[PDB]
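> Structure incoming, see below.
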Amino acid sequence: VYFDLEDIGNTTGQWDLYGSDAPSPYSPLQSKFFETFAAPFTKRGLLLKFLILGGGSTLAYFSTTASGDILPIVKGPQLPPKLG
Amino acid sequence: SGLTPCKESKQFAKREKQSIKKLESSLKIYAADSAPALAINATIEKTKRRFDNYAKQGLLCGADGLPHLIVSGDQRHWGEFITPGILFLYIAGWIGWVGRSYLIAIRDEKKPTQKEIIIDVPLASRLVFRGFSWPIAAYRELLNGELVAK
Amino acid sequence: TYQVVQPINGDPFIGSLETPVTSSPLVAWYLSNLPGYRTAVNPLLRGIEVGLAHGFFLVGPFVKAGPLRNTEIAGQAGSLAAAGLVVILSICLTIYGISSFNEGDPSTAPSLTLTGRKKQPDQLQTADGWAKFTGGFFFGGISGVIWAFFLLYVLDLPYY
Amino acid sequence: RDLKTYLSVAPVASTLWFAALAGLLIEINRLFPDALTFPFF
Amino acid sequence: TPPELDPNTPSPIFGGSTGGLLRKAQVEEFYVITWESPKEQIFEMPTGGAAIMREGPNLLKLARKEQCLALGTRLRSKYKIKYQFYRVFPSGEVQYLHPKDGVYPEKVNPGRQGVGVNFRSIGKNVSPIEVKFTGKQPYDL
Amino acid sequence: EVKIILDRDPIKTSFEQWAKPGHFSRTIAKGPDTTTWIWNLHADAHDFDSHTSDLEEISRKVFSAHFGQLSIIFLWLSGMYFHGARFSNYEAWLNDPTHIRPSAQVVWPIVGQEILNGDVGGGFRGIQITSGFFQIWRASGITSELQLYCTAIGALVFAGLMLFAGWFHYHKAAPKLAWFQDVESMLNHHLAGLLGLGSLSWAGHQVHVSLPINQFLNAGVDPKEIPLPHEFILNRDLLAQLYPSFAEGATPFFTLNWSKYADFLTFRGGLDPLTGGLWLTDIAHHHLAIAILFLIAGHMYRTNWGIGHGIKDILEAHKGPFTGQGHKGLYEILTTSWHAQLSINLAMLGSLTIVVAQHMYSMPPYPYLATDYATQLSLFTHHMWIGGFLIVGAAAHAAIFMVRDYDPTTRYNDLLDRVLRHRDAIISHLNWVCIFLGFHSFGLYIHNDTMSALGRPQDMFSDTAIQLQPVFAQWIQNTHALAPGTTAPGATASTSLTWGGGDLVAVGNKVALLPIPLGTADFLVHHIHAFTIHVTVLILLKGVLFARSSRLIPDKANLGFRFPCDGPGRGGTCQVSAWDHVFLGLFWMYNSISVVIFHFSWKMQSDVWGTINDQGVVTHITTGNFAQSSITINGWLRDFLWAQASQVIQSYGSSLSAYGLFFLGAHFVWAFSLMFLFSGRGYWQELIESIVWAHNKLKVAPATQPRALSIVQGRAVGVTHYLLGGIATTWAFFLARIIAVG
Amino acid sequence: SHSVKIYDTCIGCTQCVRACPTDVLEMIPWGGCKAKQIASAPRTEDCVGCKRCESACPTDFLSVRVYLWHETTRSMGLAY
Ligand code: CLA
Ligand code: CLA
Ligand code: CLA
């Protein structure tokens, strides 16, 4: 509604609309369990490496397989034109 | 000229034969005294006349059974290309020469564009027959053929 | 004389407009309570919730529409794919953060409240917080997949 | 009406010209059909 | 001469539009155009649809400037009005843009000094090769 | 106020202005300096509000123009009836409609064209027509060539009257602006007078000429033996032996107690098992309801007797919390702007033509129309294009209104407002829906193609794998089946045979109609329709809403409705104009309609049309391959295009070789359009510079300086040939296919 | 931003200044023509490059030219 140079932020609608600002609704201890067990993945960089190397090799690992399609299998191959 | 004259081509004869049988087949449904029948019999007579002329005018034929044209300049086939062509260049030259006679007549005048969208038919009719002797454009070429400014 | 449709926050020269789907008390309450908007909570904390919900949910589509089941015994293995997608996603988030925010920098969210209550500094949106959020998103994502899968083993649900 | 003559000789001059040409060409063909060559020399 | 300054002046009556300011205004720049109206009148908004001018001084904030001139130009003709527009920035500094030199740009003013004028007019510029490798450009000369 | 007839005396009539090209415009009446002048002359010829600013003059121009249009339509109808009299086998077709091909154009024997006069039956040589006129004429009880000849004269006379009226109402007695604006009047008349009396009138010819004569034709009596229509009016005995209700006069109507008239009027519904067309007894009855309905409807609006409605009153009283004072001021806008009216009318008339096509195929109205697949495929496709074009035209004039007539200070609306005040919300959402529809319709196909090619048929979206059964349309379909007797007790048979279930109708050895199946194949194509339609809507609505202003161009309205751009600045602003949105929308309408008529052609041949013998065995034209092969793009390329295009590419030497010529001919002009669409006038103008040099050299350079086409015209030329080429190709392809196979 | 130049070929008609949508040009005193004025591009930072100026010049060859250069937010005509 307003317009003051004093407060441009407010002038140009920089409002944290749907922001809560409320205290944490999460039960403690639960938070602390998650705060100590998910801590290694919060460092960045290292998470990036853990996901690349980890995701890469984990993917490689499923290299091994059976009922994917590794079986041309006992089927008499055609010739099938002038031949070859 | 690896071809054989049409007069003595079997394939050329097979085409005339096959074509006439196709038109005659249609002849059956219409009975005799009839409009379509007369129309089809007229196409048949027009068909025979066509093939007859091609053979008559010594046109070679290809293994396909269709005439082919010689444009090399060979004297036996000027009818095939050269004779009609000269005829063309005469007319083309005529049209162009008359068209250029009009623009020059129009150029030094009032609003020149006015007579380019609305034709001066008296002037055009005056200039149309000048194309008859358009190859005396050559004698304009000895002097005022084309502009010197460019 | 009463119109329902009004300019945003009373300012007609700013982008948005106010409609029942934007500024309803139900919509406001619901959106203010999502984990994302709890500005005052640990980013890491907020994330895990998003991961858990999202993870859990992703198992369904992969398993049911997957090449492996569709009458093919592979079954619940799909869930494993879902566990793969939360890895891809985590990667993206980590990237978004790294690129966006710098270490030294401060938050970029908006400090003014809708009502002008300058009183509020906020969020993750900092290199430190975002890393926490993604890091928590992952943990939650994997755990979400696992528990859905865990339910799959026990079975009983009508769809699968 | 001078003016009517003026409507004419516009692009109606093209159609009157080409219609005459088309007619002439058609009659020639009706008279001399299927000509692939000039055989008079 | 010094430019006018502002600002606490009211803004026109409008209902809200989607063409309004965005994040760019918050973090890059935004513009303000101001004018004096003799009557309370209705005008077409560049961003939106229709707004009501308020009699007396009027203030409007628009993004992009061109929007400012488009509206302002409309203000000059249509109705007779005198307008001015400034560039806001986000810190709070403001910058007077138009007119900027007393008078409008169409009208020649003595205060003004030329910028970017080449006295060797024509397309007498040199071939690109001539400046090749010289940071220069042919027109810049 | 009181409504009356208002006119003015003579306002000039001379050939003087014929002699002056571009007289209507002050800019262009000075003559040409460049060749651009010529194109502008034809492009601004019908832009009346661009000629003058007086609303009275513009209104008088468009009024006589409509007379000119009607004159042509009457002259056009005069020819079709004439050709059905001199150059047709209608009398032959009238005896054996199920075997003889309808033809109404003979070709002169010059240059070899006589081959196009093929075996159409009845001992007649000509071109098979797909207009459908034979089935109209038989339905009207038209027996001889004399009657078609009389109608030819009648239409020609009317054509003269229409043409005379236009001159009379522009040059002699020109209606005043107040006269045109009496909309409460006009709607009353067009509702009651044109539509009510019009439908009433035709209900009469049917129950005196059509119904009596058609019964004779169906009994099997020779058409030449059947008494003339006027023998039914004079001697009521003839019209009493059949339809005995005529024994009484106005009773029972006058004494009410309706009716013993159930004899020649009924709610039977379905299809005549002998003619394959809708029961004439139902159609006559249908026009009876339509007459009265429109006669009733023609008394809503108040005129000169205080009873009725002020449209201005109705609108203003329709305002809600969500919309403001909206609807207020719409009456003044719609009575002041021609473009505003034309946009609504095009949108609605265009939409009507589309429902006509879908209604005439599924409920065959004329006798022996259903089993003439050549006509039905043509009629459906024809109306789809006509409707399709008119809708795009609505967008153009909606945009023109925004640019030219829109004024908030004078004629505010509030409803039109607000829309402009959140135009980004509408376009951004319509943007999203299209992307969702694209993926969820077309993406399913690409999925199907890839799975099939990888040899995974069970991983496809099909009836035999992952099914997408369109259950909502199926449930409805079933509901119309159980409609007669249950829901509508008065209805004896179903509304359409596509809802029949276990009912089939055949005429000759060919199938007229049967219940049309719906499966996953039908699901996919309909979302493709839903997809293509939205994108067309997106392009056109974006053009209208952002016609005046934009974050990119604050003052776009000043640049006009039809301008090339605003330069390469701001990254480039080509095709920002509303005109260019219509131009872009044209291609997408083409895209949408083309897949619609392909949806029709394949579905009918595959699941509906075909041969039936007297054992019940039905053999469809393409043999029911729609369900398993239309669900794949390769399937459309192979089993539809490649397979069915064989007739048109094997038509040389046949009577259908003209279609073979138009097939290639249309491919040509289509590709030709791409030269204009992929290039710019900058190149062409420079090329013309070198060519102009050569003419100057030989002193043959024209005063009218040659110029390359304008940026806009280059687009106009391009989309015109793209449309002509593409549409004409399918035309030649369709007709050759359906005439040879059908 | 874009580059815009003027040339002594200018006749002081002033049309471009009237044509510009972003107030880039203006007129300044000069003595090379009867109008005694010449265009100037003192604010090329606000130019968009639509060339409405060029489209309005009557000199045989444009006396005002716009050479599209490095792109900025201002030149890209972005309201966001
Ligand atoms: C017969 C005598 C006659 C004469 C001398 C005039 C003379 C005039 N008329 Mg009138 N007019 C007439 C009959 C006549 N008109 C009739 C019968 C109608 C009813 C349709 C009209 C309706 C009419 C309107 C609405 C207007 C005029 C106007 C004018 C003036 C403009 C001159 C002009 O360029 O016209 C045009 C010359 C032409 C040759 C146009 C031909 C258009 C025809 C109908 C095309 C037919 C369609 C065609 C078959 C499409 C197929 C194309 C395809 C084959 C390629 C001029 C004084 C205009 C005016 O007042 O100036 C501002 C004006 O607005 N006339
Ligand atoms: C009720 C129908 C209707 C009416 C009365 C109008 C009327 C008008 N239109 Mg609209 N329009 C319509 C439908 C209609 N239109 C539809 C359905 C579309 C979608 C395509 C459009 C799209 C459209 C655009 C984009 C524009 C108009 C414009 C105009 C105005 C001037 C047009 C002009 O001068 O004619 C001139 C006529 C020609 C130049 C004829 C050109 C020939 C066409 C392009 C090809 C025809 C080929 C033919 C079908 C088959 C090929 C035969 C060939 C081989 C000989 C005029 C008010 C213009 C305007 O600015 O409004 C003020 C404008 O730019 N219209
Ligand atoms: C065949 C060529 C073609 C294609 C594929 C498109 C596609 C599209 N058009 Mg364009 N259009 C075309 C020709 C084409 N058009 C031509 C010739 C013109 C000139 C008139 C236009 C004019 C035009 C306009 C004016 C508009 C469009 C719009 C659109 C979009 C509609 C929304 C949508 O469906 O989202 C879905 C996208 C698709 C269906 C594309 C296929 C996606 C594949 C099948 C799946 C993805 C593949 C894979 C998973 C990706 C990863 C691969 C990896 C290796 C990179 C869509 C992207 C509208 C728009 O912008 O959208 C709102 C818009 O307004 N078109």
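Chains: A, B, ... in order of the structure tokens. Residues: from 1 per chain. Ligands: from 1, in order shown.
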Around ligand 1, which protein and nucleic acid residues have at least one atom no more than 7 Å from it, if we count only C-alpha atoms and all ligand atoms? List them as an NGL selection string.
:F and (12-18 or 21 or 23-24 or 60-62 or 64-65 or 67-68 or 163-167 or 170-171)
> Next, dump the selected residues to file, keeping only N, CA, C and O atoms, as a compact mmCIF listing (two decimals), in the first residue's frame.

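result.txt was written with the following content:
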```txt
# COMPACT_ATOMS: atom_id res chain seq x y z
N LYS F 12 -24.69 9.06 -54.46
CA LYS F 12 -23.75 8.94 -55.59
C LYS F 12 -23.67 7.55 -56.25
O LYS F 12 -23.79 6.52 -55.58
N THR F 13 -23.47 7.55 -57.57
CA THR F 13 -23.38 6.34 -58.39
C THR F 13 -22.66 6.60 -59.72
O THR F 13 -23.29 7.07 -60.67
N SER F 14 -21.37 6.30 -59.80
CA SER F 14 -20.62 6.61 -61.02
C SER F 14 -19.43 5.68 -61.28
O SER F 14 -18.89 5.07 -60.36
N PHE F 15 -19.04 5.58 -62.55
CA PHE F 15 -17.86 4.80 -62.93
C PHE F 15 -16.58 5.61 -62.72
O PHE F 15 -15.48 5.10 -62.93
N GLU F 16 -16.74 6.87 -62.33
CA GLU F 16 -15.61 7.76 -62.10
C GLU F 16 -14.61 7.16 -61.11
O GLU F 16 -13.40 7.24 -61.32
N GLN F 17 -15.13 6.56 -60.05
CA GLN F 17 -14.28 6.02 -59.00
C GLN F 17 -13.75 4.63 -59.36
O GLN F 17 -12.78 4.16 -58.78
N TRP F 18 -14.38 3.98 -60.34
CA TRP F 18 -13.87 2.72 -60.87
C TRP F 18 -12.54 2.98 -61.58
O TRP F 18 -11.61 2.17 -61.52
N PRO F 21 -7.97 3.73 -59.00
CA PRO F 21 -7.56 2.67 -58.07
C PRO F 21 -7.18 3.18 -56.68
O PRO F 21 -6.49 4.19 -56.56
N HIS F 23 -9.05 4.47 -54.42
CA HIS F 23 -9.77 5.70 -54.08
C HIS F 23 -10.19 5.73 -52.61
O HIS F 23 -10.26 6.80 -52.01
N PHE F 24 -10.47 4.56 -52.04
CA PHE F 24 -11.02 4.48 -50.69
C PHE F 24 -10.04 4.96 -49.62
O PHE F 24 -10.44 5.40 -48.55
N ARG F 60 -23.09 1.02 -43.43
CA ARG F 60 -23.75 0.98 -44.74
C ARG F 60 -22.93 0.20 -45.75
O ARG F 60 -23.48 -0.43 -46.66
N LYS F 61 -21.61 0.23 -45.60
CA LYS F 61 -20.72 -0.52 -46.46
C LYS F 61 -20.87 -2.03 -46.23
O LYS F 61 -20.97 -2.80 -47.19
N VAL F 62 -20.89 -2.44 -44.97
CA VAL F 62 -20.97 -3.87 -44.66
C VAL F 62 -22.36 -4.43 -44.96
O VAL F 62 -22.52 -5.63 -45.14
N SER F 64 -24.44 -3.58 -47.62
CA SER F 64 -24.52 -3.87 -49.05
C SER F 64 -23.57 -4.99 -49.44
O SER F 64 -23.83 -5.74 -50.38
N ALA F 65 -22.47 -5.09 -48.70
CA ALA F 65 -21.50 -6.15 -48.92
C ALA F 65 -22.14 -7.52 -48.68
O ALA F 65 -21.82 -8.49 -49.36
N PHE F 67 -25.31 -8.15 -49.13
CA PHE F 67 -26.14 -8.37 -50.31
C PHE F 67 -25.29 -8.94 -51.44
O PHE F 67 -25.72 -9.86 -52.14
N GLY F 68 -24.10 -8.39 -51.60
CA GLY F 68 -23.16 -8.88 -52.60
C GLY F 68 -22.80 -10.33 -52.36
O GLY F 68 -22.70 -11.12 -53.31
N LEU F 163 -28.38 -8.62 -55.53
CA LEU F 163 -27.41 -7.67 -56.08
C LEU F 163 -28.03 -6.29 -56.24
O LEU F 163 -27.38 -5.28 -55.98
N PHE F 164 -29.28 -6.26 -56.66
CA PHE F 164 -30.00 -5.00 -56.83
C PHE F 164 -30.22 -4.31 -55.49
O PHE F 164 -30.13 -3.08 -55.38
N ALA F 165 -30.50 -5.10 -54.46
CA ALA F 165 -30.77 -4.58 -53.13
C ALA F 165 -29.55 -3.88 -52.55
O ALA F 165 -29.67 -2.85 -51.90
N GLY F 166 -28.37 -4.45 -52.79
CA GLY F 166 -27.13 -3.88 -52.29
C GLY F 166 -26.88 -2.50 -52.85
O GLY F 166 -26.52 -1.57 -52.12
N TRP F 167 -27.08 -2.35 -54.16
CA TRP F 167 -26.98 -1.04 -54.79
C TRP F 167 -28.01 -0.09 -54.22
O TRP F 167 -27.73 1.08 -53.95
N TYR F 170 -27.14 1.18 -50.65
CA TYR F 170 -25.92 1.97 -50.48
C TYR F 170 -25.99 3.23 -51.33
O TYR F 170 -25.52 4.29 -50.92
N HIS F 171 -26.59 3.11 -52.51
CA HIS F 171 -26.64 4.23 -53.44
C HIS F 171 -27.98 4.96 -53.45
O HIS F 171 -28.04 6.14 -53.78
```
> Throw together the list of residues within 7 Å of ligand 2, counting only C-alpha atoms and all ligand atoms, and drop it here as a PyMOL selection string.
chain F and resi 42-48+342+346+389-394+396-397+400+561-562+579+582-583+586+720
> The selected residues should be written to file as an mmCIF file, in the first residue's frame (atoms: C-alpha atoms).

```cif
data_model
loop_
_atom_site.group_PDB
_atom_site.id
_atom_site.type_symbol
_atom_site.label_atom_id
_atom_site.label_comp_id
_atom_site.auth_asym_id
_atom_site.auth_seq_id
_atom_site.Cartn_x
_atom_site.Cartn_y
_atom_site.Cartn_z
ATOM 1 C CA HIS F 42 -6.063 -5.507 -52.129
ATOM 2 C CA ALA F 43 -5.210 -5.873 -48.438
ATOM 3 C CA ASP F 44 -7.017 -2.688 -47.387
ATOM 4 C CA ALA F 45 -9.899 -3.155 -49.821
ATOM 5 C CA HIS F 46 -12.291 -4.527 -47.198
ATOM 6 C CA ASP F 47 -10.921 -2.635 -44.200
ATOM 7 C CA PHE F 48 -13.918 -0.285 -44.016
ATOM 8 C CA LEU F 342 -17.871 -10.357 -35.910
ATOM 9 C CA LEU F 346 -17.279 -16.248 -36.187
ATOM 10 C CA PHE F 389 -11.114 -21.396 -40.212
ATOM 11 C CA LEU F 390 -14.001 -19.290 -38.887
ATOM 12 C CA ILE F 391 -12.833 -19.887 -35.318
ATOM 13 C CA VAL F 392 -9.341 -18.550 -36.087
ATOM 14 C CA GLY F 393 -11.061 -15.522 -37.604
ATOM 15 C CA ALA F 394 -12.796 -14.819 -34.318
ATOM 16 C CA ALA F 396 -8.305 -11.945 -35.386
ATOM 17 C CA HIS F 397 -11.266 -9.635 -34.836
ATOM 18 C CA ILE F 400 -8.620 -5.985 -33.786
ATOM 19 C CA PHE F 561 -2.966 -4.648 -35.159
ATOM 20 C CA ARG F 562 -0.864 -5.656 -38.162
ATOM 21 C CA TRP F 579 -1.825 -10.452 -36.442
ATOM 22 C CA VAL F 582 -3.430 -15.320 -35.839
ATOM 23 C CA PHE F 583 -0.776 -16.243 -38.390
ATOM 24 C CA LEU F 586 -3.446 -20.798 -38.429
ATOM 25 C CA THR F 720 -1.668 -19.224 -47.347
#
```
> Residues of chain G within 8 Å of chain E, counting only C-alpha atoms, what are they? List them as a ChimeraX atom specification.
/G:4-9,14,17-18,21-23,25-29,37,39-42,61,63,74,77-80
> So that I can see what lies close to segment 554-560 of chain F, please list as a ChimeraX atom specification the residues with an atom at most 8 Å from it, counting only C-alpha atoms and leaving out residues fewer than 2 positions away in the same chain.
/E:46-47,66-67,70 /F:403-404,547-552,562-563,577
> Mind dumping the selected residues with C-alpha atoms as a short mmCIF file (atom, residue, chain, number, x, y, z; two decimals), in the first residue's frame?

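Okay, part.cif is ready:
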```cif
data_model
loop_
_atom_site.label_atom_id
_atom_site.label_comp_id
_atom_site.auth_asym_id
_atom_site.auth_seq_id
_atom_site.Cartn_x
_atom_site.Cartn_y
_atom_site.Cartn_z
CA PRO E 46 0.74 0.11 -19.34
CA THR E 47 1.12 -2.92 -17.16
CA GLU E 66 10.06 2.26 -20.99
CA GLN E 67 6.85 1.69 -19.19
CA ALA E 70 5.07 5.04 -22.61
CA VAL F 403 -6.36 -2.51 -30.74
CA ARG F 404 -8.94 -0.33 -32.48
CA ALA F 547 -2.54 -7.16 -28.14
CA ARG F 548 -2.36 -3.74 -26.48
CA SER F 549 0.51 -3.95 -24.02
CA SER F 550 3.27 -6.21 -22.72
CA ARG F 551 6.23 -6.06 -20.34
CA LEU F 552 8.35 -6.13 -23.50
CA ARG F 562 -0.86 -5.66 -38.16
CA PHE F 563 2.83 -4.77 -37.94
CA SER F 577 1.74 -8.39 -33.05
#
```
> For segment 26-40 of chain D, list every protein, DNA or RNA residue within 8 Å, evaluated using only C-alpha atoms, and leave out those in the same chain fewer than 3 positions away; present the list as a ChimeraX atom specification.
/B:50,54,57,79-81,83-84 /D:22-23 /F:110-111
> Dump N, CA, C and O atoms for the selected residues as a short mmCIF file (atom, residue, chain, number, x, y, z; two decimals), in the first residue's frame?

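Done, and the output landed in selection_37.cif:
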```cif
data_model
loop_
_atom_site.label_atom_id
_atom_site.label_comp_id
_atom_site.auth_asym_id
_atom_site.auth_seq_id
_atom_site.Cartn_x
_atom_site.Cartn_y
_atom_site.Cartn_z
N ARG B 50 -2.75 -40.06 -83.96
CA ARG B 50 -1.56 -39.65 -83.22
C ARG B 50 -0.36 -40.53 -83.55
O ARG B 50 0.63 -40.05 -84.10
N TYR B 54 3.36 -39.87 -85.68
CA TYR B 54 4.69 -40.01 -85.13
C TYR B 54 5.55 -40.89 -85.99
O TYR B 54 6.70 -40.58 -86.23
N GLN B 57 6.39 -39.18 -89.25
CA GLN B 57 7.40 -38.13 -89.23
C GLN B 57 8.76 -38.54 -88.75
O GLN B 57 9.52 -37.74 -88.27
N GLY B 79 12.72 -30.75 -86.80
CA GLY B 79 11.33 -30.65 -86.44
C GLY B 79 11.17 -30.93 -84.97
O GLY B 79 10.29 -30.40 -84.32
N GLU B 80 12.00 -31.82 -84.47
CA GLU B 80 11.97 -32.18 -83.07
C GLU B 80 12.36 -31.04 -82.14
O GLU B 80 11.78 -30.90 -81.09
N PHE B 81 13.35 -30.23 -82.51
CA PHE B 81 13.77 -29.16 -81.63
C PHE B 81 14.04 -27.81 -82.24
O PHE B 81 13.45 -26.82 -81.89
N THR B 83 13.50 -26.35 -85.28
CA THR B 83 12.50 -25.58 -86.00
C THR B 83 11.50 -24.94 -85.06
O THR B 83 11.19 -23.78 -85.20
N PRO B 84 10.99 -25.76 -84.07
CA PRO B 84 10.03 -25.12 -83.17
C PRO B 84 10.65 -24.01 -82.36
O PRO B 84 10.02 -23.02 -82.07
N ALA D 22 -5.75 -18.19 -74.50
CA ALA D 22 -6.20 -19.53 -74.16
C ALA D 22 -7.12 -20.07 -75.25
O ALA D 22 -6.99 -21.21 -75.68
N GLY D 23 -8.02 -19.24 -75.71
CA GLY D 23 -8.91 -19.66 -76.76
C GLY D 23 -8.12 -20.02 -77.99
O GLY D 23 -8.34 -21.05 -78.57
N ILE F 110 -10.95 -31.81 -75.14
CA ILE F 110 -9.76 -31.12 -75.62
C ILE F 110 -8.53 -31.62 -74.87
O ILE F 110 -8.59 -31.85 -73.66
N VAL F 111 -7.45 -31.84 -75.61
CA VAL F 111 -6.12 -32.07 -75.04
C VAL F 111 -6.01 -33.40 -74.27
O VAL F 111 -4.93 -33.79 -73.83
#
```
> Step by step, measure atom-to-atom distances between ligand 3 and each residue using only C-alpha atoms and all ligand atoms, keep those at most 10 Å, then write them as a ChimeraX atom specification.
/F:427-447,528,531-532,534-540,542,580-591,677,719
> Kindly give the distance, in Å, that separates atom CA of residue 697 of chain F and atom CA of residue 148 of chain B, rounded to a single decimal.
7.7 Å
> Where does DSSP see alpha helix (DSSP H) in chain E, if you list the residues as a ChimeraX atom specification?
/E:23-27,66-76
> Which of segment 4-146 of chain B end up as strand (DSSP E) when DSSP is run on this backbone - answer as a PyMOL selection string?
chain B and resi 4-5+60-61
> Residues at most 7 Å from residue 564 of chain F, counting only C-alpha atoms, excluding those fewer than 5 positions away in the same chain, as a PyMOL selection string?
chain F and resi 574-575+711-712
> Keeping N, CA, C and O atoms for every residue in the selection just given, could you write it to a file as a compact mmCIF listing (two decimals), in the first residue's frame?

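That gives us out-v2.txt:
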```
# COMPACT_ATOMS: atom_id res chain seq x y z
N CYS F 574 10.28 -9.99 -33.15
CA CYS F 574 9.51 -10.44 -34.32
C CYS F 574 8.27 -11.23 -33.92
O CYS F 574 8.33 -12.10 -33.06
N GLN F 575 7.15 -10.90 -34.56
CA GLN F 575 5.88 -11.59 -34.38
C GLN F 575 5.27 -11.37 -32.98
O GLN F 575 4.67 -12.27 -32.40
N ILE F 711 7.30 -7.71 -44.80
CA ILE F 711 7.54 -8.75 -43.80
C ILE F 711 6.25 -9.50 -43.47
O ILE F 711 6.24 -10.74 -43.42
N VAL F 712 5.17 -8.76 -43.26
CA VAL F 712 3.88 -9.35 -42.95
C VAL F 712 3.32 -10.15 -44.13
O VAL F 712 2.84 -11.27 -43.95
```
> Quick one: distance from atom CA of residue 630 of chain F to atom CA of residue 466 of chain F in Å, one decimal?
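According to the coordinates, atom CA of residue 630 of chain F and atom CA of residue 466 of chain F are separated by 15.3 Å.
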> Closest to chain A among E:89, E:79, E:35, E:43, using only C-alpha atoms?
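The shortest atom-to-atom distance to chain A comes from E:89.
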> Please return, as JSON, numbers by chain, all residues of chain G lying within 10 Å of chain F when only C-alpha atoms are considered.
{"G": [2, 21, 47, 48, 49, 50, 51, 52, 55, 66, 68, 71, 72, 73, 74, 75, 76, 77, 78, 79, 80]}
> Please save C-alpha atoms of the selected residues as a CSV table (one decimal), in the first residue's frame.

```csv
chain,number,residue,atom,x,y,z
G,2,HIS,CA,24.2,-1.0,-27.4
G,21,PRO,CA,10.7,4.6,-26.5
G,47,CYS,CA,18.6,1.8,-25.3
G,48,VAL,CA,16.8,-1.3,-26.3
G,49,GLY,CA,17.7,-1.5,-30.0
G,50,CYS,CA,14.3,-1.4,-31.6
G,51,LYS,CA,15.7,1.1,-34.2
G,52,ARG,CA,12.5,3.2,-34.2
G,55,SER,CA,13.0,4.0,-39.0
G,66,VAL,CA,22.4,1.7,-33.8
G,68,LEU,CA,23.7,-3.7,-31.3
G,71,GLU,CA,23.5,-7.3,-23.8
G,72,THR,CA,22.4,-5.9,-20.5
G,73,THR,CA,19.2,-6.2,-18.5
G,74,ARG,CA,18.2,-2.8,-19.8
G,75,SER,CA,18.8,-3.7,-23.4
G,76,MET,CA,17.1,-7.0,-23.2
G,77,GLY,CA,13.8,-5.2,-22.3
G,78,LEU,CA,13.3,-7.3,-19.1
G,79,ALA,CA,10.7,-6.4,-16.6
G,80,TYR,CA,11.9,-9.2,-14.4
```
> Give me the residues near segment 636-638 of chain F as a count of residues only, where near means some atom within 12 Å (using only C-alpha atoms) and where sequence neighbours in that chain fewer than 4 positions away do not count.
23
> Counting only C-alpha atoms, give me one row per residue of segment 33-101 of chain C with an atom at most 9 Å from an atom of segment 50-61 of chain A, showing the shortest contact pair and its distance in Å to one decimal, sorted by chain then residue number, as a tab-separated table.

```
residue	atom	partner	partner_atom	distance
C:84	CA	A:55	CA	7.9
C:87	CA	A:51	CA	6.7
C:88	CA	A:51	CA	8.2
C:90	CA	A:51	CA	8.1
C:91	CA	A:51	CA	6.8
```
> Given a cut-off of 8 Å, which residues of chain B touch chain F, counting only C-alpha atoms, written out as a list in words?
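For chain B, the answer reads residues 29, 30, 36, 100, 103, 104, 107, 112, 113, 114, 116, 145, 146, 147, 148 and 150 of chain B.
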